[PDB]
Each structure stands twice: as C-alpha cells, then as structure tokens.
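**Student:** These protein sequence lines are chains a8, e3, j9, h1, e4, i1 and k9, in that order. First residue of the first sequence? That's 4 in the authors' numbering, and the numbers climb one at a time after it. First residue of the second sequence? That's 2 in the authors' numbering, and the numbers climb one at a time after it. First residue of the third sequence? That's 2 in the authors' numbering, and the numbers climb one at a time after it. First residue of the fourth sequence? That's 2 in the authors' numbering, and the numbers climb one at a time after it. First residue of the fifth sequence? That's 99 in the authors' numbering, and the numbers climb one at a time after it. First residue of the sixth sequence? That's 390 in the authors' numbering, and the numbers climb one at a time after it. First residue of the seventh sequence? That's 147 in the authors' numbering, and the numbers climb one at a time after it. Beta carbons: idealized from backbone N, C-alpha and C, even for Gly.
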Amino acid sequence: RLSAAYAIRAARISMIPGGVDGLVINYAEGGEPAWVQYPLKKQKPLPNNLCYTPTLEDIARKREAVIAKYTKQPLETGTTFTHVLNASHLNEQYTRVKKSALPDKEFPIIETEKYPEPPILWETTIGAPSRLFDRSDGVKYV
Amino acid sequence: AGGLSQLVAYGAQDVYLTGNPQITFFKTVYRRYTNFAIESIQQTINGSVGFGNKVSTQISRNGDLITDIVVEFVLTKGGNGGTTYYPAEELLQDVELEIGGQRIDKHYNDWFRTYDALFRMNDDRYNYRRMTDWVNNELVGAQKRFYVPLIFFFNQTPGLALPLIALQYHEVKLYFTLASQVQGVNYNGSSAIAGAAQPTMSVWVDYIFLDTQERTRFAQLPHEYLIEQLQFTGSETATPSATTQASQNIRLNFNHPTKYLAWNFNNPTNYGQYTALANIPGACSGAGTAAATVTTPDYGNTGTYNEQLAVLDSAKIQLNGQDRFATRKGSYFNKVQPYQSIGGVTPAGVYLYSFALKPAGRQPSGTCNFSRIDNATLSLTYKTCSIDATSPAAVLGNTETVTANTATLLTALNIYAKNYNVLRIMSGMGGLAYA
Amino acid sequence: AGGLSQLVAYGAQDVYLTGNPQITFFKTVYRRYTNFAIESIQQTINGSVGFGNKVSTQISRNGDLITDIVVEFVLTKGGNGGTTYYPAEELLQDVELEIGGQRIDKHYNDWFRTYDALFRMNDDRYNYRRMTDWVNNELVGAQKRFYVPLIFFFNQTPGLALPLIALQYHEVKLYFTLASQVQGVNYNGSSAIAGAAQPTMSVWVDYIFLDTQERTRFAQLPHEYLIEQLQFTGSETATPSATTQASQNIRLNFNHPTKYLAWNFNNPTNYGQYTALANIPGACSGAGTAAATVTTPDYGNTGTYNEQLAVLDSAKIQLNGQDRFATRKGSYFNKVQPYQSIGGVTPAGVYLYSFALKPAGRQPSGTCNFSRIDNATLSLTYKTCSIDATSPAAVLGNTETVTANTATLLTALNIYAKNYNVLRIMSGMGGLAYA
Amino acid sequence: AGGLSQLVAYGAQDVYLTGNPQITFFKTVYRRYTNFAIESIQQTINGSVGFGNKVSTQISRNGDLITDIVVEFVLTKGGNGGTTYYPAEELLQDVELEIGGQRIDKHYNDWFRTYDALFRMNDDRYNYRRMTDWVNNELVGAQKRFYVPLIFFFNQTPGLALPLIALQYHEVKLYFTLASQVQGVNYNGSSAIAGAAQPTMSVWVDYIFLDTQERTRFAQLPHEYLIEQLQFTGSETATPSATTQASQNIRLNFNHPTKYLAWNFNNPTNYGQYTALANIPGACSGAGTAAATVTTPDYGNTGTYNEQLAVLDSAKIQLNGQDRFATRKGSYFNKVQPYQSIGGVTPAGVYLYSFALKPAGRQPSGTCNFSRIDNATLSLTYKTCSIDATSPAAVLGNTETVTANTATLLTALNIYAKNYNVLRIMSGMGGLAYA
Amino acid sequence: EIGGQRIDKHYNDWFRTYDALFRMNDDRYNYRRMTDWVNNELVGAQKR
Amino acid sequence: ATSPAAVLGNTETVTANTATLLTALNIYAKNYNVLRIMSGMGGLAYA
Amino acid sequence: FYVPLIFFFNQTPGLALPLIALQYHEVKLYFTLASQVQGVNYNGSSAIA
C-alpha cells in the first residue's frame, strides 16, 4: 500500500501479469484517493496459439451428417466381386452401425396424428364475483 | 467510531467490490407475475387396490397445468415398531407416466428410496420419512395415512408444470403398481401377517388455474419442455464372496444426455437393504444382544451409514473402452460424489457418479450423452466377504478391502441413469423427441 | 479417454442444452455493490422490564437503514433441565411495530413458536433454540442470556431494510409485552417459583451505514416497499370428546393478498403444547414410568412429531361460501403442505395452508386476496378423544380418527395469516398504503 | 368453487403483485450453456508422505480449468471408537497454494475445523465428518479411506475455477504438511501408539474440459478474479484465572477487504477442543461417572454447544482505537452472529464476527478493509474459572460470567480473517495484485 | 362438474332433508321403497 | 419332484427342484436377408 | 388362463380396428364374470369353501 511510484515498480518486481494497467492504486497515506484505475494496457498481446480445434458444434454437424449417410447407406460395402465378370453388383454390405452413428429421434407422432379438427382454448369459469359487482376498492382518499 | 469508522476506511482494494456500484442490497424489487391459483384435487383411481394390484388414473381436466401429485395410502401396522421401513415407499412398486399413449417416464419403489438417499436432506428428508413411515414408536394395529409424492419432471418444479390445456387431444395418466408385500404391514420377512389390512389408496393432483392471457398462450402456442427421465435396468450382482474379490463389467444400455448414474447393491429380501447384516447396533434384528441374528435386518434401521457393511471396493466408468475417470473407491461414490454434487448424506451401499456439475438441480449443467457412446460400461470391484458378522470385533476392527460374510446376501444390483429429453407439445398433442 | 471422451459424445440432442451457449458455469462476475457497514447498537428501553410488564423503545437514528433486531433477555432456571421450553420466546409475549404511529405489524410469542415450527429448519432451527432455551441439561439456578431475533418484514432480508433515513419526520417504535409467567423460570405449571429472578432486557438494532450517493438517494427519494404483515385472531377450539367429533366454523376476519394461513391448537397453560399428553417417552411429565402424569408435559420436550396426539381430524378453507379445495386430513396440512411449499418439518398440532408457490420466500407467488372475500371461513373437524393417554398400547396402537383423552386440554386455537402490503415512504414520512 | 374462486377475488390490492405482469412460474426456459466435462485425475505426490512430513504436488495440465481438490488419506485406528476426532482433518496440518512461486493462500487443520464448525451444516456437515473420521463406532486396527476436500477459493465454486489454460508459463502447486501426531491414530494423549501405521496419501484434482470456443477465450484473454484468502494469527491467550476475569488486547496483523473474522480458544494438545472439559456427558473421558477425568476429553465428542464450558465472556473489535461496535457477550458471537450471517449452528468456543451481510457466500456483501486500519485490535474478556468441573451440579447450575476450572487449559487462540484479493491471469502467467 | 368446474353438489343428509320437505304421499313412499327395506325384510336380504 | 401332490397341486410361480437341471439356454432369431444371383454366381446382400 | 376374444377385429389384421380414425370415439369392452365356475368355486350346485 505504497504511493503509486512504488506500486508500479512493485507490479514489475512481482511479475503481475500484464502490469499495473487494469489495477487501482493507492496514493500518499490517507484522505483516501485511489478510485483511479490505470486503463487496460493498449494492445494487450494475443500470444500466438493453436487453440482452434473443431468445435463441438462442428462435430455435431459432422456426426449428424454421418448418421444421415448411414441411415441411407451401409457402413461398409464389400469389394469381394468388383471385377468378377460384370458383377460390380452382388457385394454384401454391412449395415450394423456403431451406436454413435445411429439416429436417435423418436417417431414424430405429434406431427402425424392429424386430428380432424384443430384444438381450442379450453376456457372454464365460475362466473362473476356477484359480491364484487359495482364495488371499487381502488379509491384515493380525498 | 462504530459502523462509520469502517465505512470511511476505503481505498484501492475496495474498488473491485464497490467502485462504480451497480447494485445495492437494500432495494429489492420483486417481479410482477401472472395471476394464478393452485388447487389440490382428488382423482379417481381405476381398478382394485390392495397388495400386488395394478391401478391407474387419468388426470382430469380441472385446471390448466399440473405439478405435484401425492398418493395417499392408508396402512395398518402388522407388527410393532422396528418392523417397518418406509412402507409407503415399498408399497408403491412403480409409477408409469404416459402421455398420448407414449411412455414418458417411470419410477420404482427402489428408486424412490435411492433418490431420497441421494437427493433429499435434513428436515426435507425427515418430513419425507414422516410421510412414508412410522417414526414415533407406533404399535401393532396402528393406522396411519402416508403421502407418497411423485418425482416426475413436472412434479419437481412449477417450471415444468405439464400443460394439460396444451394437450387437448391426449390422455395423461399414471399407472401405479402396488407391491405384493410390504414389510411390517402385511409380511414379516418371508412370512405373511395374518389379518393384515389391505391398503386404501387415493391420488391427489395439484392443478394450476391460469388467468386468460397465460391460459391462451399455453393452449395456443407450441412448447418445448426440457425434462428429465429415469432410465433403469435391474441385474444380477456378481455375488460377493469370502474367498476373493468378485468383479463385474456391466454394459450400460442407456441413452440421451445423462446427468448422472446411480446405483446400489441390495438384498432383494428387504426393501431398502443396501448393506450387510451385523451384530452391531442397528445392523441387524436384535443387533448387539443375545437375540441378534445376522440373517434378518432391523427393519426400522434397514439403512445405515456404516461403510464396513457395504460391498463395493472400487469402480470406474469406461466410454468406448476407455476410462472416463481414474478408478475410485466405493466410498468415493458413496460419500464424495454426493458431497460435491448434492450436499446431502448418502447411506452405505448407495453410489453416485455425476457427469453433471449440479445434478440435483433442474438446469442442465453438463451431461454424458449415451446416444453418442457405443460402449458405456460400469466396472465394479467387490470387497472380500471375510468378516464374521456376529462378532463386532471383526465387524468393526476390519480393513478397507473387506466386508461381512453376510454381504453375500446383497445379490441384486440396480443401476439407474438420469437424463434429459424433450417433451414437445403442439396442436393439442404431446410427446418425446428422442428415444 | 478421460473427460474429453465425454465431450466428443455430442449431437443434436445436446442442442437444447448447449447449442448457441449463453452462459457458462466456470466464471462468475460478481456485482459491484454499494459501500456500507453494519453496527449493532443498543437501544434504551422505556418502561420497567419484569414479568407481565409492557415497555417500548424508539429506534435511534444512528445509521441510515435497519435490518436485524435482537432482544436480549437474562433468565434464570426456577427448576431443573426439562422444566423450560423456549422461555425467552415465551417471555416476549408480543411485539408491535409502528412508523409515525401507524401500526405496521405485530408478532406474538405463539407466533414466534409457530413461525419457527413452520419456517426454520435443520441447524437454523437448532441454533435458534440455543438462543431462547437451555439445551445442555442446565440445572436450577443456572443463569443465561437469550437472544430473540425479531421477525418483522425488515428483519428477514437486507432487501427490505427499513429506510430510517427516508423517515426524517417519523419515529419508528417497537412495543413489547413481557409475559406474566414463563414456564420453568418463574412458574411451574400454575405454581409460582419462589425466588425467581425478574428478566433483564436489552434491545439491539443492527444499523446499515450508507455511503454518500446511496445515502443521498434514500434520504431524498420516495420509496415503496413490498412488505409482509401478520394477521391474527385467537379463539376457542370446539372441544372434541371420547364420544364425538366436534366441528367448528371459524369466520376468518382477514384481509389483503395472503401468501398463506397457519394455525394451531394448543393448551394455553403450557407454552408450545400443540398436542395431547401421553405416557410414552417425552410426551408427558414422567412419561414411560409409574410416576407419569398426563396432565403436565415434559416441558423440555413439549413439541412432538407424534401426530397421534394431534387433535385435528380434517379441515377445509371456504371462500365466499365456496370450498377452496377438497377437505383434507390434519396430517395433510401438517406434513404435505409444508413439505411441498417450505421443505421443513412442521410439528404435530401446527398446520399450514399455502395460497402461494413459495410461502417461505420474499417474492410473491400467488396470493388469496381476502379484501375481495366477504365470507371466508376455516372449517375444522376434530378427532374423538377416546384414547387412554396413560396406556401406551392405546396411545400408540390406535387409528387415524382418534386421539388421546388428554387432547381435550387443547382448548385454544390460534389462526394466523401472512399477507403483502405496501410501505410507502415519502417526504420523510411513511406508512401502509392499504388497510 | 376451487382454484378459480381465488383468481376471481381480484381487486386494487392485487395490482402491486400481478398488474402488468413480467414473469410466470410455469414456463422455465433453461439457459443454453457451454458444453463441458469433468474428470478426476490422480496427481503425483512428491516427497515422503508420513507423520510430520512435508510433501507437495504440481497440478498437471490435463484439463483447462480446475475446481475441486480432494486429498485422500488412509489411516488405521490406534485405539477404539471415541478416541479420534476428525483425524484426517487433524493430519493435514496445513495446505499452501502457490502460482508461479507466489503464495496465493494457506490453510491450517484448525481452519478446516473452524470453517466446518461455522459454514457447513446439517447433513452436509455430517457427510463431511463421515469422510474425515470414524463415525460408526469402528474399533482398533480398523482401516479407513478419508477424503479431505480443499476449500481454497477455486475449490468451492465453479465460478472461480482456476484457468490452468491461461497459466501456460506458471506451475500451480500445493504444498501439504502432515501433522507429527494424530490423536487416536498414532498418539493417545501424550503417548505414542507403538505399531501405528503411517498414513497413505493421494491428491485428486477435478479438471474441466472446455469446448473450443470457451477454451480459446480462456487461453488468450486476461482474466481478473475476486478470490478469497485466509489470514491467520495464532497467539497465546490471556488464560483466565480461577479468581478473576482475564482480559486481552490482541493486535490483529490483518490486511485487505475482510469479509469476516472468526476465532476460537483452544487446548492446543487436543485437536478441535474449543471448550473446557467437565464431568457431564460428552464433556470428558468417562464423563458422568466416578472414573471421569476432566483433564482428558471424550475425543469422539470433543465439540459441544454447552457455552458454560466456553471462556469468552465478552468482546469488541477496535479500529484505530475506536470501538467498531458495542461490547457483546461471547454467546452473541457464538450464536447470533452465525445465525444472522451463515444460518447454521456454531459450537461453543467458536466465535464469528461478520462485516458482510452474507459471509458464507462468494458474492461480496460488505467488508472491513484492514489495509487501511493502522491499528486493528481484538479486545477480549474471559470468564472466571471457578467452577469445579468434576461436579456436574457446579457446572450445569452456574451463572453467565463463569466457567470450569479446566477452562484454564485453553491457552491458545486462533484468529482468522477471510478477505478478498485480486487474482489476475494474462499471457500465461498469474498472481495476486495486492500484498 | 362441467368442464372441470363444480356446478352443484348434494349430500345424503340433503337428500333426506329434501325428501322430508318436498316429496309426499305415495311419491314419498315409492321413494322409500327404492332406498330402504319396507316389507319387514330379514337379515341377509338382498335388494337393488 | 418325487411327490405328485406337490408336483401337480402347486402355484404359478414355482417349479420342480429338478428344474435346476435346465442349465442351458438357446436363443434363436429368424430373419430376412437377400440372396442375389448374377452372371452365374452369387451371395448375400447383407453382412 | 388366456381367453382370446373373437370379435371381428380380433381375428385378422385385415379388420384391425382403426382407433386412430376414431379420434373422437371411445372403444370399450364390458366383461361379465360368471357367478360360478365349475371346479373352481362351485362343484355342481355346491359352493367350494
């Protein structure tokens, strides 16, 4: 708690990350100042990094694409014939797929039932508060 | 002097707490809310009730939304105090929630017990026991009304109140299966209690009555309710043995985004028994005296915090063959996981592993989506059952890796998983998005 | 492997939880709040303090806002452990609060007991008992200081701190009534205890000292506080007997948007006794042995969770001549209501009914406006008093519809209600906006 | 009739609660959050773990952020049940937290005991005890795995998770000192227990794995946190006389915005003993009978709520020679302060004084900045040690200003202060802004 | 109940009170014949 | 199993003590695949 | 025992009752149980205790 010349050199000595910029510093001894914050250091460096990897959302897009692919296509197609006679056809295909690449959305029953008539607003009531008719409790004393 | 002498003691270090103040603590402004009211309305239960019976109820259209559901049971003691253990919980074997013919969820008597063991606490837990058991040393023939709350997603928070008004064309119902036997009520261990009364049952549903603007929005607009579901598979426990350390690898046939797994080992003979019997106070019928037996539990003290009577030495969860986390001791799942994630105190024999930061809440906070994991396996290592249960010196002076010879009675294993799903409601119909 | 193996398990089902993320859990930004300090300052009591006296005190304007108020009492034991029950609470017979002379609110010793019974829980509830009673088996002649916190709306949250600063032209005063007798301190049942000391009393107010900008705004600007008020009427209980179920229609003279109702039946002689006496451990003086009497309680164990000793069989609340809800059993109001809405454990003989989602909170969440109800009533039905209280077989082995013959001693009924009003402060003066 | 009867009872007094509504309670939309996963990774402990040894670990860079840290120990009982008291907590003498070589914080076994006594509660506190002690009457030779969570600022809330990810150039280390002796494990009073086993030890860190977007943000941006630090000054007491009231003025060498002070008086020989011993149940070895020794505690029941055995009569805190508040009784600090500020129950001998509205929380709510107080002093008045501890009547029936003759054994005082500093992280380095 | 809302309600005692006041002559007797045993029927007698 | 009264007069959930000899379990599934022949030779569509 | 019903929709998929097309109708089955069943609760005219 020294009068800023000191706080600043101390920040350097103590290896405060960055340094004083962003800190609030005491001055003198009392009659308390120090609502003063040194503005964040200009051009705080973005140290070179390799932090970008496919995001999980990017992964979901890819995994969902995989699911769609395997929903429609086999996991693996055999190549056992390929060049045998003209049988590019007749290759066995592998349809069992890892759970992580299976679809998982339940039957869209609420989109398929198609009730013949649209829903309504199920209004119910007890009627008017007959003892509350023509009775105003919102009166400013005059 | 006084408070002012502190108030004036300001400086640079206080700026980060009170400089450029934004908020005070002395001006709370409450939110204005839509006018609503709640009425607890009795439902009609279809089908005969009694022990072993299965009945159901449609939740009637009395209000617009529903939350709490309470099942009232009337039971009479078939023996004296110490013979029952949360009998109202034992009685309600299971409850199935169906909307529009789709199974949304399902709870089990054991889950009600496991759930309580993990998630309720302090006075909240004691109240719950008061509503499901006899806790004032009541005697044979005593009659008591027990209230078993439901713990389905809409019974947890008003935030998930089921908008029956938005389900104009789909029935909503609960199916309740009653246990064939309830300890200390119609049976005592394996023996039936002659003359025991059959239960009287009633279901109450708390209905929310909305004002016009809110009622309209629910009835008119589509909704997406992020809800939780319970998954459950019961299985054989690698039977504990006195000669070695049994082990077991259980492939978990779970799905969805899972907040946590929970499990227990139990003796299927006695509801709530998750630990070995022993001749130490509270660990068996007559424990501590000449009449003690380590073949029958002290029913009133079926549950315990005495870890030496638990059977899990250690466990880990693997995902696609790889360790999810380093192997930890059974006592870690029993004591620490709940400490960290819930804050309550879990009985020996009951274990929790969270994939979530705050599994006891409603807000999702990290999940393990098993619909994206080809092979999720729970690996369990058991303690060696070398300790003679009838001798406290052995029961109490033993080591970390061993347990009671009576721990071999804990042959049933229950593995649960709690996960999120989406209950979509639109055009008068509702149902789940994933399975 | 490890945590990364969970993150990768990600797809469309996770969108509802983590897609388009808005928040995190691993970084908190704390709000910058105002600069203030707290000081506990002794007030001067105007009037004599002793048993049966009425005194008042004005709150000094030492700080700007006030919250907690603690009344200290010094009591001595007139008998041994087991002879007193929350005696400092019993002593503070009541307290009134006025601002500018307008009564804002009033609390009663019984309310403090009722409030505690319903809303304090776990260690809060225990620590509370430690400040109002003797809980370590202290003996006759023991002397202790008790601290009775007050329960006025501004004593519950800083959010409602009373702005003495904005009340420059109004005095804020408390009025206290000290009980004529306190069990185990100056009287034992009906008998005076020779040599009992008169209580010493001191009133302390915890003041908030605000910094310049906050202090200026409070002093100059008008304010509107949403506050709580307690409404109360005491009345005679229709007394049940061995051969009959008494019933009673109690017109409820209440007004304002009400958060909840609460009530109890009691023995007006024995503070805190809300249940019948019986010869079972803790239920009466000498209970469990030959010397037991079922005309006097074990005062140190006056309260109980043993509902069999409670008097109420069932009840309903009727509004404008019409049922609010289906008639429910006393155990519903004793266990389920507070389970659902508070989470504490309410003792036998004390009943709650909420018109709100969170009766224990500050934020309004559904209210019953009795200012718009002309014919409100609480309709009670009592159990038959046929059980011989001196015989545990009868006391403990009985049915739901019956209670102790000693339940006929519970002749007093206290009905409370808690509502929301507005305390307005303007130009240095204030008071309540509505009746 | 029913719930609609409440909604219809609408008038002017409802406007303040429901007019121009802002919210509902029946439509919770959960926030989308960043996806994450949490892994438990075992750290390597450098140095020999054993009684009296100093060991350390560097937290590995396996995840991005860290929160909970648990230190496991395995101990074997050196005597029977009742001879130990939180021995795992006692063993971990201290823990020092350092980043890049700068000391961030340092905790002590006694702090863990004080912290727990003040801030954990109900079932949480019990569950904690279950992880640090033997609470099921285990016997000599019993082996048990204890879990002692750390309570540094980043170990209590996710909100303060330490960004190892943004500390690319600084090692984060924990140094742990193990006690030379642990009662009931390797020592019994002053004697060593021959044959006692050395403890095993393992340090576990819970690492959070972030998604790419959150992980990138953390890795490159500067971060500023409000963190907690524990200040501690141990000192000799003005040990009370059996003839009078000792008093003391303790200069408090504290700095920084302080949330609260806490302290205890203790017998340094017996871990956790904050009170005098006496021949009353739980207050000494053999208490209640002829064999009772009031100079040897019941270790398993070391703590108590019986204020008669505490030694602080009264206290005040001075700032620069000015009274901060009026002198209050020791029971005011022991019972009321934590009632108001924490909501739990504090054991006798432990005192709290808050400068904050809610000191038990993370969010600052009022502080005393001791960096601006040239002369901070704690002023204590002790009780007179005139009560014959071997005579239950002498203890249980005495007055406010006295205590046990055995209270003269409370020769040590531990004063703690919890304050707020600023942790900054940038360009791979971290440290604390203020000395 | 109509639409989830109570319209009205009767009680056994009301039925007795109503009958006592408003039914009469042979209407009342025929009513009794439909709710009781009025031909001196004996124990075990069954009636719809 | 050796006593007809016990064998024949019993309940739905019980069986013979000799029923413990049925230690083997055989589970079958009958399914549909496609056998494809082309240009003189063939094999199954799905594997 | 399992007693299959023999209503038209209980004999062939071809006559499956389209509950889905009966969106506004209920389908109910009323079953009357015999007062006596031979060899179960009665033997000829005699009740079996």
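Just tell me which of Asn89 (chain a8), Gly25 (chain a8), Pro122 (chain a8) has its CA closest to the CA of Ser428 (chain e3).
**Tutor:** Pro122 (chain a8)
**Student:** Counting only Cβ pairs nearer than 7 Å, list the residues of chain k9 close to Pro121 (chain a8).
**Tutor:** Those within 7 Å of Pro121 (chain a8) in chain k9 number zero; the least Cβ separation is about 12 Å.
**Student:** Can you name the residues of chain e3 whose CB is closer than 9 Å to the CB of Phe37 (chain h1)?
**Tutor:** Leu358, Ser366, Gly367
**Student:** Along the chain, which unbroken stretches of the beta strand (DSSP E) at least 3 residues long are found entirely within the stretch 281 to 341 of chain j9?
**Tutor:** 313 to 320
**Student:** Between which two residues does the alpha helix (DSSP H) carrying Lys260 (chain e3) extend?
**Tutor:** Careful: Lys260 (chain e3) lies outside any alpha helix (DSSP H), inside the beta strand (DSSP E) at 258 to 267.
**Student:** Leaving out the 5 sequence neighbours to the left and right, which residues in its chain are closer than 6 Å to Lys55 (chain h1) when beta-carbon positions are compared?
**Tutor:** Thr178
**Student:** Kindly provide the ranges of any beta strand (DSSP E) runs that are 3 or more residues long and lie completely inside the stretch 359 to 383 of chain h1, ordered along the chain.
**Tutor:** 377 to 383
**Student:** Does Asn110 (chain e4) come out as helix, strand or coil in the three-state DSSP assignment?
**Tutor:** helix
**Student:** Can we say the stretch 116 to 135 of chain a8 touches the stretch 5 to 20 of chain a8, given the rule of at least three CB pairs closer than 8 Å?
**Tutor:** In short, these stretches do not touch, since the Cβ pair count stays below three.
**Student:** Have a look at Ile251 (chain h1) and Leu320 (chain e3) and give me their C-alpha separation to the nearest angstrom.
**Tutor:** Looking at the two C-alpha atoms, the distance is approximately 58 Å.
**Student:** Taking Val136 (chain e3) as the reference, which of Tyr300 (chain e3), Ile416 (chain e3), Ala288 (chain e3) has the closest Cα?
**Tutor:** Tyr300 (chain e3)
**Student:** The beta strand (DSSP E) with residue 509 (chain e3) in it runs from where to where?
**Tutor:** Nothing can be reported for residue 509 (chain e3), as the shown portion of chain e3 is limited to 2 through 436.
**Student:** At 7 Å on the CB atoms, spell out the chain a8 contacts of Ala13 (chain j9), in chain order.
**Tutor:** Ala63, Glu67
**Student:** For the stretch 415 to 436 of chain h1, which residues have a CB atom closer than 7 Å to at least one CB atom of chain a8, in sequence order?
**Tutor:** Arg425, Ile426, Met427, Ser428, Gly429, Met430, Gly431, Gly432, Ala434
**Student:** Tell me which residues share the same chain as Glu97 (chain h1) and place their Cβ nearer than 6 Å to its Cβ, disregarding the 5 neighbours each side in the sequence.
**Tutor:** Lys107, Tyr176
**Student:** Using the beta-carbon of each residue, which ones in chain A are nearer than 9 Å to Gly20 (chain j9)?
**Tutor:** Included in the structure are the protein chains a8, e3, j9, h1, e4, i1 and k9, with no chain A among them.
**Student:** Mind listing, in chain order, the continuous alpha helix (DSSP H) runs of no fewer than 4 residues lying wholly within the stretch 170 to 224 of chain e3?
**Tutor:** 213 to 221
**Student:** What residue range does the beta strand (DSSP E) around residue 1 (chain h1) cover?
**Tutor:** In the structure as shown, chain h1 begins at 2 and stops at 436. Residue 1 (chain h1) is therefore absent and cannot be evaluated.
**Student:** Within the 9 Å Cβ cut-off, does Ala10 (chain e3) reach chain h1?
**Tutor:** Yes, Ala10 (chain e3) lies at the interface with chain h1 (some Cβ there is under 9 Å from its Cβ).
**Student:** In the DSSP assignment, find the beta strand (DSSP E) that holds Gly4 (chain e3) and state where it starts and stops.
**Tutor:** Run containing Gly4 (chain e3): none in the beta strand (DSSP E); it sits in the alpha helix (DSSP H), 3 to 8.
**Student:** Pull up the CB-CB distance for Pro150 (chain e3) and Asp69 (chain e3), whole angstroms please, since I reckon it's below 8 Å.
**Tutor:** 7 Å
**Student:** Nearest by alpha-carbon distance to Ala277 (chain e3): which of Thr84 (chain e3), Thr412 (chain e3), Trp205 (chain e3) is it?
**Tutor:** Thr412 (chain e3)
**Student:** Between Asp95 (chain e3) and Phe27 (chain j9), what straight-line distance do the alpha-carbon atoms span, to the nearest angstrom?
**Tutor:** 38 Å
**Student:** Out of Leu119 (chain e3), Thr234 (chain e3), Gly196 (chain e3), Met202 (chain e3), which one is the CA nearest neighbour of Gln44 (chain e3)?
**Tutor:** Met202 (chain e3)
**Student:** Label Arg131 (chain h1) either buried or exposed according to how many other C-beta atoms from any shown protein chain fall within 10 Å of its C-beta, with 16 as the threshold for buried.
**Tutor:** buried
**Student:** Quick one: which chain h1 residues come within Cβ less than 9 Å of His257 (chain j9)?
**Tutor:** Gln14
**Student:** Going by alpha carbons, who is nearest to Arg33 (chain h1) out of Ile388 (chain e3), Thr368 (chain e3), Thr385 (chain e3), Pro282 (chain e3)?
**Tutor:** The candidate whose alpha carbon is nearest that of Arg33 (chain h1) is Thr368 (chain e3).
**Student:** Note down, in chain order, every chain e4 residue with its Cβ under 9 Å from the Cβ of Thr127 (chain a8).
**Tutor:** One finds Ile100, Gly101, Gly102, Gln103 in chain e4 with Cβ atoms closer than 9 Å to the Cβ of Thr127 (chain a8), taken in chain order.
**Student:** Report the residue from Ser6 (chain e3), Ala13 (chain e3), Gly20 (chain e3) whose alpha carbon sits nearest the alpha carbon of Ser366 (chain h1).
**Tutor:** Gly20 (chain e3)
**Student:** Can you check which of these residues, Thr244 (chain e3), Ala243 (chain e3), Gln230 (chain e3), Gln249 (chain e3), is closest to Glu237 (chain e3) by C-alpha distance?
**Tutor:** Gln249 (chain e3)
**Student:** Is DSSP giving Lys108 (chain a8) helix, strand or coil here?
**Tutor:** coil
**Student:** May I ask which residues mark the beginning and end of the beta strand (DSSP E) holding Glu73 (chain j9)?
**Tutor:** 66 to 77
**Student:** Opposite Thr58 (chain h1) in the DSSP bridges: which residues?
**Tutor:** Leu175 (chain h1)
**Student:** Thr234 (chain j9) bridges to which residues according to DSSP?
**Tutor:** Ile416 (chain j9)
**Student:** Taking the beta carbon of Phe113 (chain e3) as the centre, do at least 16 other beta carbons fall within 10 Å, making it buried, or is it exposed?
**Tutor:** buried
**Student:** Under 7 Å Cβ-Cβ, which residues of chain j9 neighbour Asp140 (chain a8)?
**Tutor:** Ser372
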